[PDB]
Structures are given as C-alpha cells and as structure tokens.
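Source file: input03.cif; contents: mmCIF, C-alpha atoms (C1' of nucleotides).
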```
data_entry
#
loop_
_atom_site.label_atom_id
_atom_site.label_comp_id
_atom_site.auth_asym_id
_atom_site.auth_seq_id
_atom_site.Cartn_x
_atom_site.Cartn_y
_atom_site.Cartn_z
CA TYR A 518 -135.18 71.39 -4.26
CA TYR A 519 -137.74 70.86 -1.49
CA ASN A 520 -138.35 70.45 2.24
CA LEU A 521 -141.33 70.71 4.62
CA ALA A 522 -139.62 73.18 6.97
CA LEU A 523 -139.59 75.72 4.13
CA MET A 524 -143.40 75.87 3.86
CA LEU A 525 -143.92 75.38 7.59
CA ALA A 526 -142.27 78.57 8.80
CA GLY A 527 -141.56 82.15 7.79
CA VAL A 528 -139.44 82.43 4.64
CA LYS A 529 -139.45 84.22 1.30
CA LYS A 530 -135.83 83.99 0.21
CA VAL A 531 -133.16 81.48 1.16
CA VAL A 532 -129.41 81.07 0.66
CA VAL A 533 -128.38 77.68 -0.67
CA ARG A 534 -125.13 76.03 0.41
CA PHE A 535 -123.85 73.24 -1.81
CA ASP A 536 -121.08 70.99 -3.03
CA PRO A 537 -121.00 71.06 -6.86
CA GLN A 538 -120.55 67.26 -6.73
CA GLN A 539 -123.64 66.90 -4.48
CA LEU A 540 -126.05 69.33 -6.22
CA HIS A 541 -128.00 66.33 -7.59
CA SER A 542 -128.91 65.18 -4.07
CA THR A 543 -128.55 67.34 -0.95
CA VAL A 544 -128.21 71.09 -0.38
CA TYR A 545 -128.47 73.13 2.84
CA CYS A 546 -130.80 76.14 3.23
CA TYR A 547 -129.95 79.17 5.36
CA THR A 548 -131.88 82.33 6.22
CA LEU A 549 -130.74 85.66 4.77
CA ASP A 550 -129.20 86.47 8.19
CA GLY A 551 -127.23 83.20 8.32
CA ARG A 552 -129.34 80.89 10.52
CA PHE A 553 -129.37 77.25 9.36
CA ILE A 554 -132.94 76.14 8.53
CA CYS A 555 -132.78 72.58 7.18
CA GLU A 556 -131.45 70.66 4.19
CA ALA A 557 -133.30 70.07 0.93
CA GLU A 558 -133.37 67.12 -1.44
CA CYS A 559 -133.46 67.39 -5.22
CA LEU A 560 -136.92 66.11 -6.29
CA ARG A 572 -123.22 78.67 -24.72
CA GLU A 573 -126.30 80.12 -23.00
CA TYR A 574 -125.53 83.74 -22.04
CA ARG A 575 -122.19 83.62 -23.88
CA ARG A 576 -124.09 83.90 -27.18
CA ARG A 577 -125.44 87.23 -25.95
CA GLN A 578 -121.95 88.24 -24.78
CA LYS A 579 -120.46 87.48 -28.22
CA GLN A 580 -123.26 89.18 -30.21
CA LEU A 581 -122.86 92.21 -27.94
CA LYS A 582 -119.08 92.11 -28.65
CA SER A 583 -119.56 92.18 -32.44
CA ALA A 584 -122.21 94.91 -32.28
CA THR A 585 -119.64 96.87 -30.27
CA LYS A 586 -116.58 96.40 -32.49
CA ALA A 587 -118.37 97.10 -35.81
CA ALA A 588 -120.00 100.26 -34.43
CA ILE A 589 -116.68 101.39 -32.89
CA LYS A 590 -114.72 101.08 -36.14
CA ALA A 591 -117.61 102.79 -37.96
CA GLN A 592 -117.46 105.67 -35.45
CA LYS A 593 -113.66 105.90 -35.71
CA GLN A 594 -113.94 106.35 -39.47
CA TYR B 518 -119.97 123.29 -58.68
CA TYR B 519 -120.06 123.51 -62.48
CA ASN B 520 -118.10 124.08 -65.69
CA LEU B 521 -118.61 123.42 -69.42
CA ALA B 522 -115.34 121.52 -69.84
CA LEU B 523 -116.71 118.83 -67.52
CA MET B 524 -119.61 117.92 -69.85
CA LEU B 525 -117.59 118.58 -73.00
CA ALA B 526 -114.98 115.87 -72.56
CA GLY B 527 -114.45 112.43 -71.06
CA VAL B 528 -114.96 112.33 -67.30
CA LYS B 529 -116.85 110.33 -64.69
CA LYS B 530 -115.02 111.17 -61.49
CA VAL B 531 -112.94 114.21 -60.60
CA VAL B 532 -110.66 115.30 -57.76
CA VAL B 533 -111.46 118.72 -56.35
CA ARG B 534 -108.72 121.04 -55.11
CA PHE B 535 -109.81 123.86 -52.82
CA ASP B 536 -109.06 126.50 -50.24
CA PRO B 537 -111.55 126.16 -47.33
CA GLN B 538 -111.87 129.98 -47.42
CA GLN B 539 -112.67 129.90 -51.17
CA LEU B 540 -115.09 126.93 -51.30
CA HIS B 541 -117.99 129.38 -51.81
CA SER B 542 -116.53 130.59 -55.11
CA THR B 543 -113.76 128.78 -57.02
CA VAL B 544 -112.42 125.22 -56.94
CA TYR B 545 -110.07 123.42 -59.35
CA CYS B 546 -110.90 120.05 -60.97
CA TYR B 547 -108.28 117.41 -61.76
CA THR B 548 -108.49 114.01 -63.44
CA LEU B 549 -107.99 110.86 -61.36
CA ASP B 550 -104.45 110.63 -62.81
CA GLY B 551 -103.57 114.22 -61.84
CA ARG B 552 -104.07 116.24 -65.05
CA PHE B 553 -105.57 119.70 -64.49
CA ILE B 554 -108.91 120.03 -66.32
CA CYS B 555 -110.39 123.45 -65.49
CA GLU B 556 -111.79 125.36 -62.53
CA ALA B 557 -115.41 125.33 -61.38
CA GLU B 558 -117.61 128.03 -59.89
CA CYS B 559 -120.14 127.46 -57.12
CA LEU B 560 -123.59 127.96 -58.73
CA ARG B 572 -123.56 116.95 -34.98
CA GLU B 573 -124.35 115.06 -38.21
CA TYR B 574 -122.46 111.74 -38.13
CA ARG B 575 -121.30 112.37 -34.55
CA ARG B 576 -124.81 111.48 -33.34
CA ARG B 577 -124.32 108.05 -34.91
CA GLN B 578 -120.83 107.82 -33.38
CA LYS B 579 -122.19 108.60 -29.88
CA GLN B 580 -125.21 106.25 -30.15
CA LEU B 581 -122.82 103.53 -31.34
CA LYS B 582 -120.59 104.31 -28.30
CA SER B 583 -123.45 103.86 -25.81
CA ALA B 584 -124.72 100.69 -27.48
CA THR B 585 -121.15 99.43 -27.12
CA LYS B 586 -120.51 100.31 -23.47
CA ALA B 587 -123.88 99.03 -22.14
CA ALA B 588 -123.52 95.72 -24.01
CA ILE B 589 -119.89 95.38 -22.86
CA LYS B 590 -120.70 95.82 -19.17
CA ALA B 591 -123.66 93.45 -19.61
CA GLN B 592 -121.33 90.85 -21.16
CA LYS B 593 -118.71 91.35 -18.42
CA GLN B 594 -121.33 90.56 -15.78
"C1'" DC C 1 -131.23 84.07 -61.74
"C1'" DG C 2 -126.64 85.74 -62.63
"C1'" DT C 3 -122.90 88.97 -62.35
"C1'" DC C 4 -120.70 93.01 -60.83
"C1'" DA C 5 -119.53 96.65 -57.60
"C1'" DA C 6 -118.85 98.43 -53.41
"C1'" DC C 7 -118.39 98.13 -48.41
"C1'" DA C 8 -116.69 96.06 -44.53
"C1'" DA C 9 -113.63 93.16 -41.99
"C1'" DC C 10 -109.28 90.84 -41.30
"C1'" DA C 11 -104.62 90.45 -41.97
"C1'" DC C 12 -100.30 92.41 -42.85
"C1'" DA C 13 -96.34 96.10 -42.37
"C1'" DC D 1 -152.93 107.34 -12.43
"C1'" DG D 2 -149.89 106.53 -8.59
"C1'" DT D 3 -146.39 104.11 -6.07
"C1'" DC D 4 -143.01 100.70 -5.43
"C1'" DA D 5 -139.31 97.61 -6.77
"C1'" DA D 6 -135.69 96.31 -9.30
"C1'" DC D 7 -132.08 97.08 -12.72
"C1'" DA D 8 -128.67 99.72 -14.62
"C1'" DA D 9 -125.34 103.34 -14.69
"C1'" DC D 10 -122.19 106.51 -12.48
"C1'" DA D 11 -119.36 107.73 -8.91
"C1'" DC D 12 -116.45 106.59 -5.24
"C1'" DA D 13 -112.56 103.78 -2.68
#
```
Take the structure I supplied and represent it as structure tokens, if you would.
Amino acid sequence: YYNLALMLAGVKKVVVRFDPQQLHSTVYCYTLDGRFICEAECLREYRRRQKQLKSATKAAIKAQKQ
Amino acid sequence: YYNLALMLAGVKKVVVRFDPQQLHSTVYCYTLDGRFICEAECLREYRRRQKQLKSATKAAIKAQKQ
DNA sequence: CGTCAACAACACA
DNA sequence: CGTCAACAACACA
C-alpha cells in the first residue's frame, strides 16, 4: 500500500485498519498513538513448520519415555 | 560374564537372572524357553538425550502455538 | 539389486 | 570489540 502523506511527514511504523473484503483496494493508516493519518491504496505456509515441529516433538517424547 | 557351558552347547541368546547386590560376582543363565543352563562369573547417560528431546519439544510446541 | 531383520509408530484392549 | 535491539523463555496474574 501507498500514500504521499506517509513520506511527507514523520513516520516509521504505522497501524493499518482494514476490512478483509476491502484489502485489495483501500486501507486506513494510523499512528502508533492512534491518530488517523490518511488512507492508502493498494498499488500451508507456517503450518508446515507447526506440523514438522509436532512430529519432532512426539517421536522424541516417546523415545524419552522409553 | 563367562562360562564354558555357553560355548560348549547350542546358544545364541540367553536370559540373565541376577541379584543387584551380586552382579559383581555370580549370575545365572537361562535359555529363551526357560531352561536353566549354568551360572556365570564376572571376569546422566540416556537422560541427557531425554532432556534435550524435552527442550526441542517444548520450544517447537510454543513456536507452533504462536 | 534383492531380501531380511530390526526399530518405530499406530492401533487395539 | 562494544552496544543495542529484538526474540524467546520464564514468571506472574
């Protein structure tokens, strides 16, 4: 996402407010302290790790139990 | 442990009967089917693995939960 | 390359 | 080599 007000004033981090249905178009940026800045226009993954971690747990746990 | 009767007849595997207090001296060998053969004279470890396995479980589990 | 033996996991009681 | 920043774990509510 992008806007001119983001480069034109003081900001490093920003909180993004959105509607899941509208993520493809318009979001609204807020400062870390809650002040509205402007809106910005738009110009299984980690579960594999979770599962692999689960197996590497269970096998090691049974092996430690015996 | 050792005995002459062990090399002098048919055996591959043997069940050892013992008294924890007498392990340093005399044990009694039995066949896999329970027949007494003779006695034999005597001529933290895995917990480190268990603990390491425990840590590698817990860290991965919290990481999968978040 | 083929077969066998053991270890590990899953299912069952 | 020194300092800083972030991530992860443990303890607390």
Closest contacts (chain C/chain A, max 12 Å, all atoms listed in the file) as JSON lines:
```
{"residue": "C:7", "atom": "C1'", "partner": "A:591", "partner_atom": "CA", "distance": 11.5}
{"residue": "C:8", "atom": "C1'", "partner": "A:587", "partner_atom": "CA", "distance": 8.9}
{"residue": "C:9", "atom": "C1'", "partner": "A:587", "partner_atom": "CA", "distance": 8.7}
```
Distance criterion (only C-alpha atoms): nearest to chain B out of A:520, A:581, A:540, A:594: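 Nearest to chain B: A:581.
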d(CA of residue 557 (chain A), CA of residue 533 (chain A)) in Å: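 Here the two named atoms are 9.2 Å from each other.
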Extending 4 Å beyond the listed atoms of region 1-11 of chain D on each side, what axis-aligned box results? I want centre and edge lengths in Å to one decimal, as lines of an AutoDock Vina configuration file.
```
center_x = -136.1
center_y = 102.0
center_z = -10.1
size_x = 41.6
size_y = 19.4
size_z = 17.3
```
Reference answer for the PyMOL selection byres ((chain A) within 12 of (chain B)), as a VMD selection string: chain A and resid 573 to 594
Output check: residues returned by the PyMOL selection byres ((chain A and resi 528) around 12), as a VMD selection string: chain A and resid 521 to 527 529 to 532 546 to 550 552 554
If you keep C-alpha atoms, can you produce a file of those selected residues as a PDB file, in the coordinates of the input?
```
ATOM      1  CA  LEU A 521    -141.330  70.710   4.620  1.00  0.00           C
ATOM      2  CA  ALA A 522    -139.620  73.180   6.970  1.00  0.00           C
ATOM      3  CA  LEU A 523    -139.590  75.720   4.130  1.00  0.00           C
ATOM      4  CA  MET A 524    -143.400  75.870   3.860  1.00  0.00           C
ATOM      5  CA  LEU A 525    -143.920  75.380   7.590  1.00  0.00           C
ATOM      6  CA  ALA A 526    -142.270  78.570   8.800  1.00  0.00           C
ATOM      7  CA  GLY A 527    -141.560  82.150   7.790  1.00  0.00           C
ATOM      8  CA  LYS A 529    -139.450  84.220   1.300  1.00  0.00           C
ATOM      9  CA  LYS A 530    -135.830  83.990   0.210  1.00  0.00           C
ATOM     10  CA  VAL A 531    -133.160  81.480   1.160  1.00  0.00           C
ATOM     11  CA  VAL A 532    -129.410  81.070   0.660  1.00  0.00           C
ATOM     12  CA  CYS A 546    -130.800  76.140   3.230  1.00  0.00           C
ATOM     13  CA  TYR A 547    -129.950  79.170   5.360  1.00  0.00           C
ATOM     14  CA  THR A 548    -131.880  82.330   6.220  1.00  0.00           C
ATOM     15  CA  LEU A 549    -130.740  85.660   4.770  1.00  0.00           C
ATOM     16  CA  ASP A 550    -129.200  86.470   8.190  1.00  0.00           C
ATOM     17  CA  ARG A 552    -129.340  80.890  10.520  1.00  0.00           C
ATOM     18  CA  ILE A 554    -132.940  76.140   8.530  1.00  0.00           C
TER      19      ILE A 554
END
```
CA of residue 558 (chain A) to CA of residue 538 (chain A), straight-line distance in Å: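 Separation between CA of residue 538 (chain A) and CA of residue 558 (chain A): 13.9 Å.
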Repaired coordinates for region 557-582 of chain A (N, CA, C and O atoms) as a compact mmCIF listing (two decimals), in the coordinates of the input:
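As written to disk, selection.txt reads:
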```txt
# COMPACT_ATOMS: atom_id res chain seq x y z
N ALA A 557 -132.31 70.41 1.94
CA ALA A 557 -133.30 70.07 0.93
C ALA A 557 -132.77 69.06 -0.07
O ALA A 557 -131.59 69.09 -0.45
N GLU A 558 -133.67 68.18 -0.50
CA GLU A 558 -133.37 67.12 -1.44
C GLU A 558 -133.85 67.49 -2.83
O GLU A 558 -134.91 68.11 -2.98
N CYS A 559 -133.09 67.12 -3.84
CA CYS A 559 -133.46 67.39 -5.22
C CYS A 559 -134.60 66.41 -5.56
O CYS A 559 -134.43 65.20 -5.45
N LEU A 560 -135.75 66.94 -5.96
CA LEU A 560 -136.92 66.11 -6.29
C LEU A 560 -136.72 65.24 -7.54
O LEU A 560 -135.68 65.29 -8.19
N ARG A 572 -122.86 79.39 -25.94
CA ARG A 572 -123.22 78.67 -24.72
C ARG A 572 -124.07 79.54 -23.80
O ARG A 572 -123.53 80.34 -23.03
N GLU A 573 -125.39 79.36 -23.86
CA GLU A 573 -126.30 80.12 -23.00
C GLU A 573 -126.16 81.64 -23.16
O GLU A 573 -126.48 82.20 -24.21
N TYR A 574 -125.71 82.29 -22.09
CA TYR A 574 -125.53 83.74 -22.04
C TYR A 574 -124.31 84.23 -22.83
O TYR A 574 -124.20 85.42 -23.16
N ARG A 575 -123.40 83.30 -23.13
CA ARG A 575 -122.19 83.62 -23.88
C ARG A 575 -122.49 84.00 -25.33
O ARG A 575 -121.70 84.72 -25.96
N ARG A 576 -123.62 83.53 -25.85
CA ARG A 576 -124.09 83.90 -27.18
C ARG A 576 -124.43 85.39 -27.20
O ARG A 576 -124.07 86.12 -28.13
N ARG A 577 -125.12 85.82 -26.15
CA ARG A 577 -125.44 87.23 -25.95
C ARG A 577 -124.16 88.05 -25.79
O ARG A 577 -124.02 89.10 -26.41
N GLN A 578 -123.23 87.56 -24.97
CA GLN A 578 -121.95 88.24 -24.78
C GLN A 578 -121.19 88.46 -26.09
O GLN A 578 -120.65 89.55 -26.34
N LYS A 579 -121.14 87.42 -26.92
CA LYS A 579 -120.46 87.48 -28.22
C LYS A 579 -121.15 88.43 -29.22
O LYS A 579 -120.49 89.24 -29.88
N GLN A 580 -122.48 88.31 -29.32
CA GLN A 580 -123.26 89.18 -30.21
C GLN A 580 -123.08 90.65 -29.80
O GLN A 580 -122.89 91.53 -30.66
N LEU A 581 -123.12 90.89 -28.49
CA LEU A 581 -122.86 92.21 -27.94
C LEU A 581 -121.45 92.69 -28.33
O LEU A 581 -121.29 93.82 -28.77
N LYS A 582 -120.46 91.80 -28.23
CA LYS A 582 -119.08 92.11 -28.65
C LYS A 582 -118.95 92.56 -30.11
O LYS A 582 -118.26 93.55 -30.42
```
